[PDB]
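Protein chains in written order, with the entry's author numbering: chain A, 821 to 1092; chain B, 821 to 1092; chain C, 41 to 274. No residue lacks a Cβ here, since even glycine has one placed at the ideal position from N, Cα and C.
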Amino acid sequence: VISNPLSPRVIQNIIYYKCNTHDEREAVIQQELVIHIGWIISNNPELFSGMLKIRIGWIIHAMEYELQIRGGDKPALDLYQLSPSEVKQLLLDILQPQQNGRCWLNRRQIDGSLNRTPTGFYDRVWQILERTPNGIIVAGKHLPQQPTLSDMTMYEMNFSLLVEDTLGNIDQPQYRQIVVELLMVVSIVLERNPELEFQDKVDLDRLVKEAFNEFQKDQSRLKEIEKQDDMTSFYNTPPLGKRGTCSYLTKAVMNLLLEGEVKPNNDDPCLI
Amino acid sequence: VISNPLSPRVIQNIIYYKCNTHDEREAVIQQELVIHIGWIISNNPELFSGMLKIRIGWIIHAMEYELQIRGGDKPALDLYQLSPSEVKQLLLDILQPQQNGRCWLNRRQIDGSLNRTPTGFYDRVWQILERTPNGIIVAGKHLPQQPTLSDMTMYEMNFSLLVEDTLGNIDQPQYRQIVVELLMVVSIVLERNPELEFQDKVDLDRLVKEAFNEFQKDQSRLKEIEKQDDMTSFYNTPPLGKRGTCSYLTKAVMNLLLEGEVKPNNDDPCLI
Amino acid sequence: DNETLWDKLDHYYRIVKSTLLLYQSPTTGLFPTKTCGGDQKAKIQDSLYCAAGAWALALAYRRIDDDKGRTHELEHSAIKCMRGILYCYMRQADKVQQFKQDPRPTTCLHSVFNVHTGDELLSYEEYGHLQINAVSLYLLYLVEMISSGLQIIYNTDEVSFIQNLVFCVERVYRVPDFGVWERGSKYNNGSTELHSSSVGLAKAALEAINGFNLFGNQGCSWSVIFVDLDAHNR
Ligand SMILES: *C/C=C(\C)CC/C=C(\C)CCC=C(C)C
Ligand SMILES: C/C=C(\C)CC/C=C(\C)CCC=C(C)C
């Protein structure tokens, strides 16, 4: 992790001796992509808006998986045969702001691997943290309400680093994206509803699990699909629609929420 | 129904001849409150807020029923035996605002028999009626979106009669108050939640029961109450609390709304 | 703007004489609703305003000693309409007694009259004659012109009818009416409603006509109109 600006010597030391040793060409391809991102972050920064951390490798693994997707049922292009012009063009293609017509599941590879959190996501999870006194427990990592809210402030970088670190146990990028949209759903529910708050340690893995439970029972009852515990169909299903993934996460959030007590608001007292 | 005012000659035949023939003394008690109501509407105008209609005959039923609660396992006092001040003071006690020391069952009986609706209830059902394609069904009546929306206004007085006509068939008074809170619940749901729209018809009776059965399973998990099809456990439950009737109701309205399309807003862009 | 005040009033003199005072009914003093077409219909409410318009110019014409007789022409233009308006109502004094006892759409004072005879033109079925403002605006205007010095009430018999006109207006708090636009409501089903504009005029009419001598400066204790304070309050 490059937290603070460093010298060329230490960077050379980490890029070869410390960071990658399984493959020496991993250093060269990461090297290429670092200079390429230097090109892009200078010309058109709007693509890099959204991903705090720019993880070079993830971007590479994302590039390799995009190559696998494009090639279909064929030995796909490997990132090391591609020219850096081809590397740049493909990297822009996966970094494109908008994915049109992609299988939503492929969009979840693209967004999740890039750590492209939507705009204001850190602020929204901050509001989440304030409105859950216990805090959130995420994939075995817990954000408490205190002493977190006191130390960092709403719009600083360190809180973003903390929440991203807690989101460091999402091995599947698709899981990362599903929890990111879970957090956006929880944030919209909490902001839109000030009478109600989370009553316990907030375990988003359970929420995604019972959202999958709902989707699985619905699919089995509707289309008689005999597949059991298959994460793929939940990933293809789109967020916004008649039956949407965001809909199932919203149902999960409301089901967990409604166990707690509710208090009318002083600014707008509930009329009933 | 006295929609427009009449002369002393006309109201005389309505008071005695044509309306009541089971008991002549019904008019004498009937004639009592309309002077007492005149006293309150002047001294305490706010006390009669929320009720579109003052059905005095149902107020007598409310007047007499509370004595059955007041009297307990004893022959209750006869409304035809009390002095008029006792009838007045009884009227003030049970039409007071925060009914006091009443198991929420008795509050729901008094409020439901009293047809006390929340302030702005008629405004909110119009909004409920606005973004619902298949209107509202209440115990065998149908409140459509058309020609209702085109022929009336959100503050319109005529619309208030229709919704009461829609709710007039609720024979059981505490069911009616449960209906209005459900009607409130979707209102506090819908206005804060502008994306969720109904697809099919909204039959509050189905919304009311499904809340009760999912209510039933939790308390069965607690102590396994053997009473079946008994709303009493629901009425004494407070609207707002750990497991309040509203929390049961919104789950019911959350699911039915969630069984439809989540419309993306042009005004509010979607992050996922 | 060096024109004499004679000049500016002559500017307004024309308009009333050419556009309103030309069409004033010479017989009943009324003002027809339709200037052209041969229609005999004259409404109570609008005819009150037309007289007031000449009254308004008449008061402006009180500021000139050399009025060339214009002031009396415009002052009594208002009197001619109000007395003709007054004349029309007695013609229906049987209805006034009925409306006093049983306020109803079928016992009320009419609102439209023959401009050339003052005879009733449209029945209750044809036209909705329950318009409280027209009766109320008459009483409000009647004291309004009398206070300025115009003499409209002539004998004690007219005092009784105007006194009885108060008894009809005293009950507009509970009697629904078709209102100013003779429609009743937006649905136009012929169903009468209580209107603030109609109800307010009677409150203003009762406020002004209370204790007011209908004989003006030339009056005594037998020419005052008594208004029920309770009826005004309701
Ligand atoms: C951008 C609009 C979308 C994604 C519509 C779907 C969203 C929901 C369904 C969640 C709505 C529920 C709450 C805001 C409490
Ligand atoms: C009088 C209202 C009082 C609390 C608010 C009740 C409304 C809701 C409890 C649940 C909101 C759920 C959404 C999906 C917006």
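Is it buried or exposed, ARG1026 of chain A, if we count other Cβ atoms within 10 angstroms and call 16 or more buried?
Exposed, by the Cβ-count rule.
Restricting to Cα atoms, I'd like to know which of C:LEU269, C:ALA100 and C:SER238 is closest to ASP50 of chain C.
Here the closest residue by C-alpha is C:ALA100.
Boundaries of the alpha helix (DSSP H) in which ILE957 of chain A is found, first to last residue
Premise fails: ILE957 of chain A lies in the beta strand (DSSP E), 956-958, not in any alpha helix (DSSP H).
Span of the beta strand (DSSP E) around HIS962 of chain A
It spans 961-963 - the beta strand (DSSP E) in which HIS962 of chain A sits, taken as one unbroken run.
Does the CB of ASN824 of chain B have a neighbour CB from chain C at under 8 Å?
True, the Cβ-Cβ gap to chain C drops below 8 Å.
Return the first residue and the last residue of the beta strand (DSSP E) that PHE153 of chain C is part of.
For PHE153 of chain C, the uninterrupted beta strand (DSSP E) segment begins and ends at 152-154.
Using the beta-carbon of each residue, which ones in chain A are nearer than 7 Å to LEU915 of chain B?
Using a Cβ-Cβ cut-off of 7 Å, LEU915 of chain B is close to nothing in chain A; its nearest Cβ partner there is about 18 Å away.
On a Cα-Cα basis, can you pick out the residue from A:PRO895, A:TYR975, A:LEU987 and A:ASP943 that is closest to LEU963 of chain A?
Looking only at A:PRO895, A:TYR975, A:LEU987 and A:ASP943, the smallest Cα-Cα distance to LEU963 of chain A is reached by A:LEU987.
Evaluate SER1007 of chain A with the Cβ neighbour count: other Cβ atoms within 10 Å of its Cβ, from every protein chain shown; 16 or more gives buried, anything less gives exposed.
Buried, since its Cβ has 16 or more Cβ neighbours within 10 Å.
Is the segment 1027-1045 of chain B touching the segment 1054-1073 of chain B in the sense that three or more CB pairs, one from each, lie closer than 8 Å?
Cβ pair count under 8 Å is three or more, so yes.
Contacts of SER970 of chain B in chain C (Cβ-Cβ under 7 Å):
The premise fails here: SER970 of chain B is roughly 13 Å from chain C at the closest Cβ pair, so nothing lies under 7 Å.
Taking 8 Å as the threshold (C-beta atoms), are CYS1090 of chain B and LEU1060 of chain A in contact?
Cβ atoms of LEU1060 of chain A and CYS1090 of chain B: closer than 8 Å.
Closer than 7 Å at the beta carbon, the chain A residues around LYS1062 of chain B
Per Cβ cutoff of 7 Å: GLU1081.
Going along chain B in order, which residues have a C-beta closer than 8 Å to the C-beta of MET871 of chain A?
Residues of chain B whose Cβ lies closer than 8 Å to the Cβ of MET871 of chain A do not exist, since the nearest Cβ in that chain is about 14 Å away.
Which partner residues does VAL1022 of chain B have in the DSSP bridge list?
Paired residue(s): B:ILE956.
Assigned secondary structure, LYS908 of chain A (DSSP; H/G/I helix, E/B strand, else coil)
Three-state DSSP puts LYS908 of chain A in a helix.
Identify the contact partners of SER905 of chain B in chain A, using a Cβ-Cβ distance below 7 Å as the criterion.
The contacting residues do not exist; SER905 of chain B stays about 33 Å from chain A at best.
Please indicate yes or no: does the CB of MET1004 of chain B lie closer than 7 Å to some heavy atom of ligand 3?
Annotation note on ligand 3: not contained in the displayed structure, which lists ligand 1 and ligand 2 as its ligands.
Is the CB of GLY940 of chain B under 8 Å away from at least one CB in chain A?
Chain A has a Cβ within less than 8 Å of the Cβ of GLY940 of chain B.
Helix, strand or coil at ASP893 of chain B [DSSP, three-state]:
In the structure shown, the three-state DSSP call for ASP893 of chain B is coil.
Please determine whether the Cβ atom of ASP1088 of chain B lies at a distance below 7 Å from any heavy atom of ligand 1.
Under cutoff, so the answer is yes.
Taking C-beta pairs closer than 9 Å, name the residues in chain B that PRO143 of chain C reaches, listed in chain order.
Chain-ordered, the chain B residues with CB closer than 9 Å to the CB of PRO143 of chain C read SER827.
If you measure between the beta carbons of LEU1024 of chain A and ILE1092 of chain A, is that distance less than 8 Å?
Not closer than 8 Å, so no.
For the segment 70-119 of chain C, list the alpha helix (DSSP H) runs that are entirely contained and at least 4 residues long, ordered along the chain.
Within the segment 70-119 of chain C, the complete alpha helix (DSSP H) runs of at least 4 residues are 84-100.
Does the pairing of the segment 256-273 of chain C with the segment 206-218 of chain C give three or more beta-carbon distances under 8 Å?
The answer is yes - the segment 206-218 of chain C touches the segment 256-273 of chain C, with three or more Cβ pairs under 8 Å.
Which runs of the beta strand (DSSP E), 3 residues or longer, sit entirely within the segment 134-175 of chain C?
Correct list: 152-154.
Taking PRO825 of chain B as part of the alpha helix (DSSP H), name the residues at either end of that continuous run.
From DSSP, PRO825 of chain B is part of no alpha helix (DSSP H); its letter is neither H nor E.
Using 8 Å as the Cβ pair cut-off and three pairs as the minimum, do the segment 868-878 of chain B and the segment 895-909 of chain B touch?
No contact exists between the segment 868-878 of chain B and the segment 895-909 of chain B.
Pair within 8 Å by beta-carbon distance, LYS873 of chain B and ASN926 of chain B
Their beta carbons are not under 8 Å apart, which means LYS873 of chain B does not touch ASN926 of chain B by this criterion.
Between the alpha carbons of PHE139 of chain C and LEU910 of chain B, how many angstroms are there, rounded?
C-alpha separation (whole angstroms): 40 Å.
Can you list, in chain order, the residues of its chain with a C-beta nearer than 6 Å to that of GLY219 of chain C? Leave out the 5 residues immediately preceding and following it.
Around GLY219 of chain C: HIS235 and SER238.
Is the beta carbon of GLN850 of chain B less than 8 Å from the beta carbon of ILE822 of chain B?
Their beta carbons are not under 8 Å apart, which means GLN850 of chain B does not touch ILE822 of chain B by this criterion.
Checking contacts by CB at 8 Å: is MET1051 of chain B closer than that to chain A?
It does not: the Cβ of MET1051 of chain B has no partner Cβ on chain A nearer than 8 Å.
For ligand 2, is there a heavy atom less than 7 Å away from the beta-carbon of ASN1013 of chain A?
Under cutoff, so the answer is yes.
Excluding five sequence neighbours on each side, which residues of the same chain lie with their C-beta closer than 7 Å to the C-beta of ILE914 of chain A?
Cβ-Cβ distances below 7 Å link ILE914 of chain A to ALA882, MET883, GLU886 and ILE930 in the same chain, with the five nearest sequence neighbours on each side left out; the list follows chain order.
Over the uninterrupted alpha helix (DSSP H) stretch that includes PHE941 of chain B, give me the two end residues.
Residues 941-950.
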